[PDB]
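K.L.:
To start, I am sharing the structure in question, which I have written as structure tokens.
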Amino acid sequence: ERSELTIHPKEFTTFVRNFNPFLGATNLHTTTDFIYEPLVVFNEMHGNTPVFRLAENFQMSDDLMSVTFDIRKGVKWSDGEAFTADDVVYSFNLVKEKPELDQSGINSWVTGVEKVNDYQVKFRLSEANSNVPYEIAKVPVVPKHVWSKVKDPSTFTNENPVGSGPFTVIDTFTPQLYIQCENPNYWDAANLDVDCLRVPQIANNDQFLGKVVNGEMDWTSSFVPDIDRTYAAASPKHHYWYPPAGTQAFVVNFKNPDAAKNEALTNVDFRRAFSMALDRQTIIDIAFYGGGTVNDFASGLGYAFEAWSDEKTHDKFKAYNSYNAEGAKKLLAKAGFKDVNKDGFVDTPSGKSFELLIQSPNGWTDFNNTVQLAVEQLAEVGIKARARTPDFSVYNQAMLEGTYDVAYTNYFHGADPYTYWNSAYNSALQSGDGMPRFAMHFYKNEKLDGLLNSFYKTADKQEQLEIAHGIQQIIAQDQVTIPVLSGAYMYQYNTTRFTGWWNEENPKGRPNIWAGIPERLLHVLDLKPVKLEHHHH
Ligand SMILES: CC(=O)N[C@@H]1[C@@H](O)[C@H](O[C@@H]2O[C@H](CO)[C@@H](O[C@@H]3O[C@H](CO)[C@@H](O)[C@H](O)[C@H]3NC(C)=O)[C@H](O)[C@H]2NC(C)=O)[C@@H](CO)O[C@@H]1O
Ligand SMILES: [Ca+2]
Ligand SMILES: [Ca+2]
Ligand SMILES: [Cl-]
Ligand SMILES: [Cl-]
Ligand SMILES: [Cl-]
Ligand SMILES: [Mg+2]
Ligand SMILES: [Mg+2]
Ligand SMILES: [Mg+2]
């Protein structure tokens with residue numbers, strides 16, 4: 001009687017009812033896009049082509065110091081009230097007044113928002129930035145007529161959401177399953193053929209594997225080991241498409257509170273020897289079953305941005321980011337990391353023993369295995385390390401608070417190098433209660449920040465390329481992180497119950513179901529239920 005699409009955007013041990021789009025640490029990951037539709041979805045796989053949703057147009061000013069957005073008329077909230085400029089203006093003012101709700105750093109860019117009329121908003125910028133409509137689209141727009149009356153938006157759980165997107169009705173909710181049904185007032189209802197999102201609680205990759213192999217899922221983006229043998233071979237309806245994704249690296253804490261570990265981690269010779277100890281292709285072969293590409297760029301750029309790469313820089317530092325056990329041992333010796341207590345593990349120049357604790361998230365088994373391989377490879381050059389696999393929130397918090405030693409992490413990936421470099425190295429993103437982990441190495445370089453903040457400042461493509469080369473040089477020469485590989489956008493789909501999926505023959509955009517992939521809105525608008533085959537009673 002209704003089509004239910006079973007999706008898996010995020011692992012949870014238990015579902016807590018939270019649909020606050022600003023509360024990324026604690027909300028459910030079907031809130032953004034599916035409850036709160038964006039102004040615009042930029043199709044990152046297709047050159048950031050803008051797909052207009054609740055806005056029908058935007059227009060930048062002469063000098064890139066402002067931009068105006070035109071709001072689509074006739075759009076209703078799920079309670080029947082009108083979607084207008086009022087809501088956009090309020091949402092941005094809310095994030096400005098309460099910066100712990102800024103999860104992107106939008107406050108650094110937008111100094112003010114002004115209602116031009118009921119269907120146009122103007123944004124004033126702190127600085128010139130041709131990329132700011134992209135930034136603006138990241139901010140959730142919530143209904144002012146509801147949220148302005150809310151006690152405290154920063155602690156509002158929003159259990160009965162009023163939304164603009166396709167699925168706003170909470171049909172069923174249990175700690176282990178919830179079902180999110182069609183917005184009865186959805187502006188783009190004629191384009192939508194899925195009735196409900198069905199979201200089961202899955203805690204880790206182990207629990208996932210059993211369910212996906214058994215055909216219990218429709219749309220997922222989890223790591224699956226030996227995928228051809230385990231999942232694809234199980235049914236002719238089991239499909240996948242793994243387009244290339246972003247950089248993954250070992251990130252070291254430059255502000256480690258332990259004296260010995262700080263001494264090691266802040267030493268560029270040590271970071272380079274660490275990096276040379278790793279066998280990146282073996283990590284890809286074993287931990288990812290071949291699903292990745294070696295990243296031997298000291299700057300972490302990766303091979304998917306060859307038009308952008310300064311090949312002289314890449315070549316200069318590539319040796320430090322290539323498997324070379326003997327080279328690593330020789331460098332540790334030259335630097336003065338000498339074993340002075342006969343245990344085969346190097347000690348710091350001041351003579352102190354230490355063991356690096358390397359963390360990755362609990363249940364992210366491909367990363368867990370990567371870390372364990374690295375532990376073994378590090379031991380072969382005399383670097384003592386051991387693995388920890390803390391709960392994601394604990395993992396995350398340790399990075400935010402700077403209490404970790406080394407962490408393995410992936411990064412956002414975009415149509416140009418700025419998505420990675422800015423999110424991973426801009427020191428402004430090292431502070432703020434809404435900030436993610438990505439820049440939390442606490443390396444700070446003012447010249448680097450300056451180049452990043454200038455990337456979209458001139459409409460001059462050659463200058464922008466020179467800025468990129470400058471960024472690449474700084475990060476490479478300082479071996480700020482230890483890049484390992486370029487990963488994949490894991491994505492599995494089931495044709496048993498639905499058709500219309502994006503895939504290698506229909507590569508319309510990033511196909512993943514994770515929150516933070518706004519294209520998943522466009523994707524679900526393409527899916528159509530299948531007439532089930534008849535069976536007993
Ligand atoms: C609050 C919010 O919207 N946060 C978004 C954040 O969750 C997104 O980060 C992605 O989250 C998914 C889910 O945890 C990550 O997918 C996992 O990758 C592991 C490593 O390969 C696999 O072992 C897991 O199987 C897989 N889990 C699932 C359920 O698919 C994904 O790696 C992660 N990406 C990054 C980068 O952190 C981001 C990006 O979409 O957006 C929001 O920040
Ligand atoms: Ca209103
Ligand atoms: Ca020793
Ligand atoms: Cl509801
Ligand atoms: Cl496919
Ligand atoms: Cl490089
Ligand atoms: Mg269950
Ligand atoms: Mg419809
Ligand atoms: Mg459609």
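Quick note on naming: the chains in the structure tokens go A, B, ... in the order shown, residues restart at 1 in each chain, and ligands are numbered from 1 in order of appearance.
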Give me, as number ranges by chain, all polymer residues having an atom no more than 8 Å from range 110-120 of chain A, counting only C-alpha atoms and skipping those fewer than 6 positions away in the same chain.
P.N.:
A: 68-73, 84-86, 89, 92-93, 126
K.L.:
Enumerate the residues of range 277-432 of chain A with a DSSP assignment of strand (DSSP E), computed from the backbone, and present them as a ChimeraX atom specification.
P.N.:
/A:293-294,356-359,385-388,406-410
K.L.:
Please identify all protein, DNA and RNA residues within 10 Å of ligand 5, counting only C-alpha atoms and all ligand atoms, and report them as a PyMOL selection string.
P.N.:
chain A and resi 237-242+491-495+501-507
K.L.:
If we count only C-alpha atoms and set the cut-off at 12 Å, which residues sit around residue 190 in chain A, ignoring sequence neighbours fewer than 6 positions away in its own chain? Please answer as a PDB file with N, CA and C atoms, in the first residue's frame.
P.N.:
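See out_5.pdb below for the written result:
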```
ATOM      1  N   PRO A 166      10.998  16.329   1.526  1.00  0.00           N
ATOM      2  CA  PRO A 166      10.016  15.332   1.101  1.00  0.00           C
ATOM      3  C   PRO A 166       9.466  14.463   2.230  1.00  0.00           C
ATOM      4  N   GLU A 182       6.004  10.803   3.867  1.00  0.00           N
ATOM      5  CA  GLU A 182       5.941  11.946   2.977  1.00  0.00           C
ATOM      6  C   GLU A 182       5.295  13.178   3.609  1.00  0.00           C
ATOM      7  N   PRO A 184       2.989  15.971   3.617  1.00  0.00           N
ATOM      8  CA  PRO A 184       1.691  16.078   2.937  1.00  0.00           C
ATOM      9  C   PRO A 184       1.562  17.356   2.117  1.00  0.00           C
ATOM     10  N   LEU A 525      14.502  11.349  -5.379  1.00  0.00           N
ATOM     11  CA  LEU A 525      13.501  11.836  -6.333  1.00  0.00           C
ATOM     12  C   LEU A 525      13.520  11.087  -7.659  1.00  0.00           C
ATOM     13  N   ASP A 526      14.522  10.237  -7.863  1.00  0.00           N
ATOM     14  CA  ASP A 526      14.580   9.419  -9.074  1.00  0.00           C
ATOM     15  C   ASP A 526      14.084   7.985  -8.857  1.00  0.00           C
TER      16      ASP A 526
END
```
K.L.:
Of the residues A:345, A:425, A:354, A:219, which is the one nearest to residue 300 in chain A, using only C-alpha atoms?
P.N.:
A:425
K.L.:
Any residue with an atom at most 8 Å from ligand 7 counts, using only C-alpha atoms and all ligand atoms. Which are they? Put them as a list in words.
P.N.:
residues 176, 177, 200, 201 and 202 of chain A
K.L.:
Find the residues near residue 447 in chain A: any atom within 12 Å, counting only C-alpha atoms, skip ones fewer than 2 places away on the same chain, and give them as a list in words.
P.N.:
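Surrounding residues, per the criterion: residues 425, 426, 427, 444, 445, 449, 450, 451, 452, 453, 454, 467, 470, 471, 473, 474 and 475 of chain A.
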K.L.:
Which is closer to ligand 3 than all the others in A:108, A:350, A:160, A:409, using only C-alpha atoms and all ligand atoms?
P.N.:
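The shortest atom-to-atom distance to ligand 3 comes from A:350.
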K.L.:
Measuring atom to atom with only C-alpha atoms and all ligand atoms, identify which of A:295, A:129, A:168, A:458 is nearest to ligand 6.
P.N.:
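Looking only at the distances to ligand 6, the closest residue turns out to be A:295.
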K.L.:
Excluding residue 408 in chain A and any residue of its chain fewer than 5 positions from it, enumerate the residues within 10 Å of it, using only C-alpha atoms, and give them as a list in words.
P.N.:
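Near residue 408 in chain A, the qualifying residues are residues 248, 249, 250, 251, 252, 358, 359, 360, 361, 367, 368, 370, 371, 482, 483 and 484 of chain A.
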K.L.:
Between A:152, A:296, A:339, A:446, which has the minimum distance to residue 428 in chain A (counting only C-alpha atoms)?
P.N.:
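Smallest separation from residue 428 in chain A among the options: A:446.
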K.L.:
Residues contacting ligand 2 - anything with an atom at most 10 Å away, using only C-alpha atoms and all ligand atoms - can you give me those as a list in words?
P.N.:
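What falls inside 10 Å of ligand 2 is residues 76, 77, 81, 82, 83, 84, 85, 86, 87, 118, 143, 144, 145 and 146 of chain A.
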K.L.:
With a cut-off of 6 Å, could you pull out the residues of chain A touching ligand 1 and give me the nearest pair of atoms for each, distance in Å to one decimal, using only C-alpha atoms and all ligand atoms, ordered by chain and ascending number, as a tab-separated table?
P.N.:
```
residue	atom	partner	partner_atom_place_in_ligand_line	distance
A:8	CA	ligand 1	29 (C)	5.7
A:9	CA	ligand 1	29 (C)	5.0
A:10	CA	ligand 1	29 (C)	4.0
A:11	CA	ligand 1	29 (C)	4.9
A:24	CA	ligand 1	1 (C)	3.4
A:25	CA	ligand 1	1 (C)	5.8
A:29	CA	ligand 1	3 (O)	5.8
A:205	CA	ligand 1	25 (O)	5.3
A:221	CA	ligand 1	30 (O)	4.2
A:222	CA	ligand 1	25 (O)	3.3
A:223	CA	ligand 1	25 (O)	3.9
A:364	CA	ligand 1	23 (O)	3.4
A:365	CA	ligand 1	23 (O)	5.2
A:366	CA	ligand 1	23 (O)	5.4
A:367	CA	ligand 1	20 (C)	5.9
A:410	CA	ligand 1	36 (C)	5.0
A:411	CA	ligand 1	36 (C)	4.2
A:412	CA	ligand 1	36 (C)	4.7
A:514	CA	ligand 1	40 (O)	5.1
A:515	CA	ligand 1	3 (O)	4.3
A:516	CA	ligand 1	41 (O)	3.4
A:517	CA	ligand 1	40 (O)	5.2
```
K.L.:
Extract, using only C-alpha atoms, all DNA, RNA and protein residues at most 7 Å from residue 399 in chain A, discarding same-chain residues fewer than 5 positions from it, and format them as a PyMOL selection string.
P.N.:
chain A and resi 404+437+440
